[PDB]
Amino acid sequence: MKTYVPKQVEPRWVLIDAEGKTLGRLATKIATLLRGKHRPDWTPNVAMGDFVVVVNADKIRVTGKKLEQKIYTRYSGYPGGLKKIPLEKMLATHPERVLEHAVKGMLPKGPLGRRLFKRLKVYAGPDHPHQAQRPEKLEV
Amino acid sequence: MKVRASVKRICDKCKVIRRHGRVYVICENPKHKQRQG
Amino acid sequence: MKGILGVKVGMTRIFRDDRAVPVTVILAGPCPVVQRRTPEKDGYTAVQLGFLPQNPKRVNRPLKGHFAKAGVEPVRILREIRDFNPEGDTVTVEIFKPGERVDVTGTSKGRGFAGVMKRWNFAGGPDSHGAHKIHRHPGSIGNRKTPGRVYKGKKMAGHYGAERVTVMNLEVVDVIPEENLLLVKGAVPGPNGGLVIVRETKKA
Amino acid sequence: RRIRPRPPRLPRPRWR
Amino acid sequence: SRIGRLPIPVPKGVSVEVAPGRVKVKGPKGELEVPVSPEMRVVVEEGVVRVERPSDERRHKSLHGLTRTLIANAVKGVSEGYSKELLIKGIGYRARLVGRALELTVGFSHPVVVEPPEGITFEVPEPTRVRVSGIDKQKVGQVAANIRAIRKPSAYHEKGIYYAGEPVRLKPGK
RNA sequence: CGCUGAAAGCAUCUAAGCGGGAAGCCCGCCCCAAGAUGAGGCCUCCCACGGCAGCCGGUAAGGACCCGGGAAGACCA
RNA sequence: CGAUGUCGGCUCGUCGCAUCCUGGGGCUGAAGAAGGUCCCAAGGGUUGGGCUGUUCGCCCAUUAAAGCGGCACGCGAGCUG
Ligand SMILES: [Mg+2]
Ligand SMILES: [Mg+2]
Ligand SMILES: [Mg+2]
Ligand SMILES: [Mg+2]
Ligand SMILES: [Mg+2]
Ligand SMILES: [Mg+2]
Ligand SMILES: [Mg+2]
Ligand SMILES: [Mg+2]
Ligand SMILES: [Mg+2]
Ligand SMILES: [Mg+2]
Ligand SMILES: [Mg+2]
Ligand SMILES: [Mg+2]
Ligand SMILES: [Mg+2]
Ligand SMILES: [Mg+2]
Ligand SMILES: [Mg+2]
Ligand SMILES: [Mg+2]
Ligand SMILES: [Mg+2]
Ligand SMILES: [Mg+2]
Ligand SMILES: [Mg+2]
Ligand SMILES: [Mg+2]
Ligand SMILES: [Mg+2]
Ligand SMILES: [Mg+2]
Ligand SMILES: [Mg+2]
Ligand SMILES: [Mg+2]
Ligand SMILES: [Mg+2]
Ligand SMILES: [Mg+2]
Ligand SMILES: [Mg+2]
Ligand SMILES: [Mg+2]
Ligand SMILES: [Mg+2]
Ligand SMILES: [Mg+2]
Ligand SMILES: [Mg+2]
Ligand SMILES: [Mg+2]
Ligand SMILES: [Mg+2]
Ligand SMILES: [Mg+2]
Ligand SMILES: [Mg+2]
Ligand SMILES: [Mg+2]
Ligand SMILES: [Mg+2]
Ligand SMILES: [Mg+2]
Ligand SMILES: [Mg+2]
Ligand SMILES: [Mg+2]
Ligand SMILES: [Mg+2]
Ligand SMILES: [Mg+2]
Ligand SMILES: [Mg+2]
Ligand SMILES: [Mg+2]
Ligand SMILES: [Mg+2]
Ligand SMILES: [Mg+2]
Ligand SMILES: [Mg+2]
Ligand SMILES: [Mg+2]
Ligand SMILES: [Mg+2]
Ligand SMILES: [Mg+2]
Ligand SMILES: [Mg+2]
Ligand SMILES: [Mg+2]
Ligand SMILES: [Mg+2]
Ligand SMILES: [Mg+2]
Ligand SMILES: [Mg+2]
Ligand SMILES: [Mg+2]
Ligand SMILES: [Mg+2]
Ligand SMILES: [Mg+2]
Ligand SMILES: [Mg+2]
Ligand SMILES: [Mg+2]
Ligand SMILES: [Mg+2]
Ligand SMILES: [Mg+2]
Ligand SMILES: [Mg+2]
Ligand SMILES: [Mg+2]
Ligand SMILES: [Mg+2]
Ligand SMILES: [Mg+2]
Ligand SMILES: [Zn+2]
């Protein structure tokens, strides 16, 4: 007998409210949902995890003094092109990237890895445009 | 202001405070003001 | 933020108060507006100006259809001016009076494949004292094993010119509205007969 | 800046 | 030996009303909103308000005294009000009102205008006395320090702007 | 450098909070830039073609080729 | 050691900051001007000559200043020699 591998399944849609949630402790469960490791028929070689819509990513919460001390970082390739950006300003200017970055580094590297990052759809503010899918609201 | 690694009182009117993660020493005689560093 | 399209025509010096002022002359007007960018429609705010009338033969259907939504005759060049919403539906040289200061944007004279001396003002090598076939050469371009590579944006020979250049805060010396001319003190990018953009300056 | 002069290790590449 | 527990006498008749994280203090001179840590408890008694701590550790002993003087200074604000005086010294220096602003002549190449912010009133009796008048205690000492900053007390002479009662310690010149 | 201020009846720029403060940091200026595969937006143009998410053909709006050239340019563009 | 070309110059730089100048500062045995001292700050800038192969240094005339250092004592499939 050989281990069941599934006929490719249709995904599930999922809405999460990021308000008041700690950054890393939402990022972990979101990354699990993306990987489909909440599924009894999980198959490591295919993308079967759900789609995850995140709302109120601006009101994501954070412990310690991170708001001023967490530094997201970028290298442009030129001499001097290391840019430091504190979490404070990241939230004021691109508040969806906070959750998107955190969630990223907890997703495998590689094609399937960077293919799942596109099945996460983080939004600031309380609404999202993915009404057509009618995502089951998940509590985490 | 004196910056050093040994901030001590110098006179009896000297005061040892710790503001913003650093030990200062403030006093009415300005030559006594000290930050640690 | 007023702006107008025009061609650069040539340079001269007029005289003004016992002082000779170098000028370059720009055939500015007139520029019919053919589309308006609004925050509802397009997110930002800008006016699409046209310039130089064009032989209706040489204008395809889609382009010709664009003009018809606005009732503008086929024109040669279309260009936007950002954060400009003029009252009329024709921008002319009248929006500039003398004393004002302008920014002029134009495609510079292309110098083609430029060596490291003409392009980046390098010094090259000696012309005697032993110099060996490196007279117009750049020299070192790196270090050694560390980093063992060349920095991005390392200034080298290559193409130079025929790029956009905005020269700023030029005094508007005169305006000849009958001729759609526009005097401008100093130098303006581009060759004679090249299309420039004249805008209200951003200085103080 | 090294104060003691550093002796060379190679002779000048001499035509064979 | 304890500021946090000393009750706050409420004059007649200023209202103190309690809310989460804030207490409002209406009064004949205005109103002021005082923010109160939800760890401290503000209780309205007969013509007296009182503050209590929910424990006996460092942060609760600290929030106690602070929130007390905060409500205390809020009550003196909407009843008596607050005021500081500044004493211009030095031969050239003087000051005058201009409608509502304050024009200081303290020896620059220019006078210095100061625009009073909301809730602050400028008064000039003598031309060497300026009076910062306001209901908000912290806002008053602010503005006064701002004005004194414009020409702080020199260290070698008796000229500048001096706080009412500020001593005049100088050092020798030669 | 301060304001207001406890723990610590005083004091303290701080433990709650708020000011002020560098050619430096972030925006601003100029230039590149949707291969930004996350490949965006707007205006406009053609449109149900014939035969067994496919295929083979004829077309539409357009485009390319070739030619005269150009302060564009090594060829290409 | 079946080769990792070696000083100095030229050229092209880039980085660090134990900061020469410019900016912001506290103490001063700070009257003022001008200094000393320490703190923050690496954005930009940091001249031309005489001497010696010289780096270094001394000197001339200036300057806001004439910083010190890493990059195989940066850089010979770039040049010099
Ligand atoms: Mg998987
Ligand atoms: Mg935080
Ligand atoms: Mg792996
Ligand atoms: Mg000692
Ligand atoms: Mg004291
Ligand atoms: Mg152009
Ligand atoms: Mg040149
Ligand atoms: Mg050049
Ligand atoms: Mg040049
Ligand atoms: Mg030379
Ligand atoms: Mg030469
Ligand atoms: Mg030779
Ligand atoms: Mg030879
Ligand atoms: Mg050669
Ligand atoms: Mg030769
Ligand atoms: Mg080499
Ligand atoms: Mg490397
Ligand atoms: Mg070009
Ligand atoms: Mg000028
Ligand atoms: Mg000509
Ligand atoms: Mg033309
Ligand atoms: Mg040496
Ligand atoms: Mg041989
Ligand atoms: Mg008190
Ligand atoms: Mg005077
Ligand atoms: Mg105090
Ligand atoms: Mg605080
Ligand atoms: Mg002040
Ligand atoms: Mg500020
Ligand atoms: Mg400047
Ligand atoms: Mg562009
Ligand atoms: Mg595209
Ligand atoms: Mg584009
Ligand atoms: Mg990317
Ligand atoms: Mg893809
Ligand atoms: Mg597109
Ligand atoms: Mg858009
Ligand atoms: Mg050209
Ligand atoms: Mg060609
Ligand atoms: Mg050609
Ligand atoms: Mg060897
Ligand atoms: Mg051997
Ligand atoms: Mg070998
Ligand atoms: Mg060999
Ligand atoms: Mg070899
Ligand atoms: Mg020499
Ligand atoms: Mg300095
Ligand atoms: Mg200074
Ligand atoms: Mg000093
Ligand atoms: Mg002095
Ligand atoms: Mg003196
Ligand atoms: Mg330092
Ligand atoms: Mg610097
Ligand atoms: Mg000689
Ligand atoms: Mg010798
Ligand atoms: Mg020597
Ligand atoms: Mg000097
Ligand atoms: Mg100086
Ligand atoms: Mg010199
Ligand atoms: Mg160097
Ligand atoms: Mg070397
Ligand atoms: Mg060689
Ligand atoms: Mg050499
Ligand atoms: Mg080599
Ligand atoms: Mg020889
Ligand atoms: Mg020899
Ligand atoms: Zn003392």
# chains A, B, ... in the order shown; residues from 1 in each chain; ligands from 1

call {"tool": "residues_near_ligand", "arguments": {"ligand": "ligand 37", "cutoff": "10 Å", "atoms": "only C-alpha atoms (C1' of nucleotides) and all ligand atoms", "output": "PDB file with C-alpha atoms (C1' of nucleotides), in the first residue's frame"}}
result
ATOM      1  CA  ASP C  42      -7.142  58.886 -12.638  1.00  0.00           C
ATOM      2  CA  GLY C  43      -6.097  59.360  -8.996  1.00  0.00           C
ATOM      3  CA  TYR C  44      -3.940  62.445  -9.613  1.00  0.00           C
TER       4      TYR C  44
ATOM      5  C1'   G F  40      -0.662  48.959 -12.065  1.00  0.00           C
ATOM      6  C1'   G F  41      -4.044  53.225 -13.892  1.00  0.00           C
ATOM      7  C1'   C F  42      -6.466  56.515 -17.635  1.00  0.00           C
TER       8        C F  42
END

call {"tool": "residues_around", "arguments": {"residues": "residue 114 (chain A)", "least_positions_apart": "2", "cutoff": "12 Å", "atoms": "only C-alpha atoms (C1' of nucleotides)", "output": "number ranges by chain"}}
result
A: 31, 34-35, 47, 103-112, 116-120; F: 37-38

call {"tool": "select_by_dssp", "arguments": {"residues": "chain C", "states": "helix (DSSP H, G or I)", "output": "PDB file with C-alpha atoms, in the first residue's frame"}}
result
ATOM      1  CA  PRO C  39      -8.679  62.264  -8.874  1.00  0.00           C
ATOM      2  CA  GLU C  40     -12.003  60.543  -9.583  1.00  0.00           C
ATOM      3  CA  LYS C  41     -10.916  59.171 -12.943  1.00  0.00           C
ATOM      4  CA  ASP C  42      -7.142  58.886 -12.638  1.00  0.00           C
ATOM      5  CA  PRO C  56      -4.685  64.380 -40.389  1.00  0.00           C
ATOM      6  CA  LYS C  57      -3.423  61.784 -42.861  1.00  0.00           C
ATOM      7  CA  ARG C  58      -0.498  60.811 -40.592  1.00  0.00           C
ATOM      8  CA  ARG C  61      -7.665  55.872 -35.901  1.00  0.00           C
ATOM      9  CA  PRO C  62      -7.025  55.370 -32.133  1.00  0.00           C
ATOM     10  CA  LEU C  63      -5.005  58.583 -31.859  1.00  0.00           C
ATOM     11  CA  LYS C  64      -7.502  60.470 -34.025  1.00  0.00           C
ATOM     12  CA  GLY C  65     -10.305  59.135 -31.839  1.00  0.00           C
ATOM     13  CA  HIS C  66      -8.553  60.592 -28.794  1.00  0.00           C
ATOM     14  CA  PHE C  67      -8.676  64.105 -30.240  1.00  0.00           C
ATOM     15  CA  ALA C  68     -12.367  63.778 -31.111  1.00  0.00           C
ATOM     16  CA  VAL C  93       2.396  82.297 -23.320  1.00  0.00           C
ATOM     17  CA  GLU C  94       0.168  84.766 -21.477  1.00  0.00           C
ATOM     18  CA  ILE C  95       0.439  82.693 -18.288  1.00  0.00           C
ATOM     19  CA  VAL C 116      35.245  58.544 -19.448  1.00  0.00           C
ATOM     20  CA  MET C 117      36.748  61.998 -19.985  1.00  0.00           C
ATOM     21  CA  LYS C 118      33.933  63.795 -21.807  1.00  0.00           C
ATOM     22  CA  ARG C 119      31.267  62.039 -19.731  1.00  0.00           C
ATOM     23  CA  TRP C 120      32.621  62.039 -16.172  1.00  0.00           C
TER      24      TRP C 120
END

call {"tool": "atom_distance", "arguments": {"atom1": "CA of residue 69 (chain A)", "atom2": "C1' of residue 26 (chain F)"}}
result
15.7 Å

call {"tool": "residues_near_ligand", "arguments": {"ligand": "ligand 55", "cutoff": "12 Å", "atoms": "only C-alpha atoms (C1' of nucleotides) and all ligand atoms", "output": "PDB file with C-alpha atoms (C1' of nucleotides), in the first residue's frame"}}
result
ATOM      1  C1'   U G  52      64.195  64.068  -1.587  1.00  0.00           C
ATOM      2  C1'   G G  53      62.506  57.651  -5.619  1.00  0.00           C
ATOM      3  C1'   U G  54      60.603  58.553  -1.238  1.00  0.00           C
TER       4        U G  54
END
